[PDB]
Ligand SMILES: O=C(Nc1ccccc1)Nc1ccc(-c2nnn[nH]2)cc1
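One chain follows as structure tokens, the form solved without this ligand.
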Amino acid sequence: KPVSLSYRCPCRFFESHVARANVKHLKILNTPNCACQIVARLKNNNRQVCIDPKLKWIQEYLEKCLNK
């Protein structure tokens, strides 16, 4: 469900025990008026969870996108 919506953000609460080693990939949702919505899909036994860009490893994930 890719919900591009404003003010009410798809992720109000975020998963905070997320580990990049467990994250298979990240998903950044498009919200016209919300902060960067980031989803972490975790490997095999876990589910897909929504997390927050406050997470420092998240920023590094995207830092890898930046200038390589």
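Numbers follow the displayed sequence, beginning with 1.
Only in words, not in the display: the form solved in complex with this ligand, which the text now covers.
Using a 4.5 angstroms limit between non-hydrogen atoms, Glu15 touches this ligand in the deposited complex.
Although the partner is absent from this view, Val49 contacts this ligand in the deposited complex, with a non-hydrogen atom inside 4.5 angstroms. Of the heavy atoms in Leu42, some are within 4.5 Å of this ligand in the deposited complex. Residues from 18 to 33 that approach this ligand in the deposited complex with a non-hydrogen atom closer than or equal to 4.5 Å are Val18, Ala19, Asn22, in the order they occur in the chain.
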